[PDB]
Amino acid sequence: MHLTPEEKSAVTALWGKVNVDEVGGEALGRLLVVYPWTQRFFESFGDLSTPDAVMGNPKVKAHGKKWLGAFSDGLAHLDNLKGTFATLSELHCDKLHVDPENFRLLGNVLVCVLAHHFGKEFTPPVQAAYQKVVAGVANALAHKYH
């Protein structure tokens, strides 16, 4: 995706401060809590009845590091998100059957987490840059749905 040099550096700079493990589990957990219907893909994770139960669930945390880790390696290839996520896109469609709308919801929750985590450092321009990124990633992941 095409990002200005300014947006490029802004995203890269903030991400160097991110604890991938923690943020990944935090974002996935808030997804399951704020949009309960997304729990349909995680019946095998166990107890997800309460926020506390969701945030303290070991499977949620493990998966947290997993998806965000892939997301992270994606930031190293902003010039070709489609190509970078082609295989994962095929996987979420043909085998996991995940409605692409979910990628967008997770993208927005991720933004909320970053703002909560960084406070005033997550300025409006920084947010705008990240909104472009998450939208780009969501589209790259939905690209091979058929």
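Numbers follow the displayed sequence, beginning with 1.
- The mean Cα B-factor in the deposited entry runs higher for 74-82 than for the other of 74-82 and 94-102.
- In this crystal structure, the stretch out of 56-64 and 116-124 whose C-alpha atoms carry the higher mean B factor is 56-64.
- For the set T50, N108, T38, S89, the PDB entry puts the maximum C-alpha B factor at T50.
- Ranked by Cα temperature factor within the chain, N19 sits in the middle third according to the deposited record.
- Per the deposited record, the Cα B-factor of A10 falls in the highest third when ranked against the other modelled residues of its chain.
- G69 sits in the middle third of its chain by CA B factor, as recorded in the PDB entry.
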